[PDB]
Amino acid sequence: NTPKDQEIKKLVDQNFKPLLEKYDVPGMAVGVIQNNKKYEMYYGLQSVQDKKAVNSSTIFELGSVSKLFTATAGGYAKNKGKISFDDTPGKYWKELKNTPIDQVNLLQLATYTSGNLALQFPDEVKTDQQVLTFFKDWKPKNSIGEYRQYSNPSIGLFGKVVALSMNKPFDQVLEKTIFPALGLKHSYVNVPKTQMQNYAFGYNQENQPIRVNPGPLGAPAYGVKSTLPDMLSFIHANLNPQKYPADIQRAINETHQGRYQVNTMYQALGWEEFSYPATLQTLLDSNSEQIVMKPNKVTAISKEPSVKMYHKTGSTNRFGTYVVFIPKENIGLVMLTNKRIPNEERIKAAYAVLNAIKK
C-alpha cells in the first residue's frame, strides 16, 4: 500500500487499537480523511454472537453525534427560508402558541440556552403526546439565552420544528433530503430490513447485546446510524462545503458559525468550535462534567477565531463515537464503536493521530 496508507495504519494501530482490550470493546471503525483521500481501519466484531467482523458496510449508532445531522437539517431549512433562527417554536408547532416555551427562539433551542431544559426529559415523559404536554407546561427559570445546559429535549424540539417547517417527518427530512444531499448511501434514522445484517449490536457493561429502543423526540438527539465510509463523506462535506450544491453548502456553512463562547469553547450548531491549534487540555475541558452536566453562563462573541477546528463526542456513557476536523489542514477523523469508551480516551487518541500525520 501507499506510504500514507502504512503511516496512517500505524498511527491508528498505536493510538486506537489498544482501547479495544482496555475497555473490552467488540468492534471499532476508525477513519481519516486527508486531502480528499480516505483511510479506513476496521477492528473486531460487529456482532459477537454471529462472529460478524466489522467492515465497510457495518452500521454503527452515532448517538449524540446525530445532533450534527439535526444541525445540518436546521441550517438547510434556515437557508431555504423555511425558518428563521429568531422564530419561536409555536410558529410551527401550533399547540405551543401562547405558552412560555414560545418565548424561546430556535437558535436558543438548538444551542441549549432556554434556561430550563436538562440533559434528558423527566422519566415520566415517555410518549409523543407527553412530550407535547411537557412543552406546554414548561416555564422558564434562568434568563433565556444566558446559560448553556446541554440538553436532548432542547435540540429535540429544534429538530421537531425543523421537520414541521419542511412539511415532513424528521426521519424523512434526513433520509430523503439531507443524507442524499451529503452523498450518504447507508445512513439511517430507521435501519431497513435489508440492512439489519449490517447493523452492529451494541454492548452494555455486562457485554450483553442491546438494541436501542427509541425515546420520545429521540431521533434529533441520538437517532442516526451510519457507516464509516458515510461518516468520512460527511467529514469531507464539512471540510469542502464549497464543492457541494448551494442548498447543502449553505446548510453546512451555517453549522460552522460560532454562536457564543463558554471559556475556550465556541458553540456552533451541533459542532463545538475551537481556535486552532487547540491544546489537548482545551479539548478535554470541553468534555468536563462542568460543561456537559451543569449550566454555564455564555458570552456573546465579537468575532469567531481566525483559524478554527471542530469536534463532537457521543455520550461518554454510551459507545465510542467521536468526530473532529481541521479545515486549514484539510483533515478529519471519525471513530465508531459498539461499546463504551470514555470520551477523554476518544479525544486523546484522535489528538495524537492528527498531531502526528505528515502533510
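Numbers follow the displayed sequence, beginning with 1.
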Item to complete: With reference to the PDB entry, specify whether the mean Cα temperature factor is higher for 209-217 or for 256-264.
Response: 209-217
Discussion item. Quick check on the record: does 282-290 or 188-196 carry the larger mean Cα temperature factor?
Written reply: 188-196
Item to complete: Please work out which residue in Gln108, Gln149, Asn204, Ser233 has the highest C-alpha B-factor recorded for this crystal structure.
Response: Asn204
Worksheet item: So among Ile301, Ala29, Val324, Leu68, who wins on Cα B-factor in the entry?
Response: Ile301
Worksheet entry | Within-chain third of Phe319 by Cα B-factor, per the entry | highest
Worksheet entry | Third of the chain's Cα B-factor distribution that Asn98 belongs to, per the entry | highest
Fill in: Third of chain Cα B-factors occupied by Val48
highest
Item to complete: Grab the CA temperature factor for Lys126 from the record and place it in the lowest, middle or highest third of its chain.
Response: highest
Worksheet item: By the record's CA B-factor, is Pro89 among the lowest, middle or highest third of residues in the chain?
Response: lowest
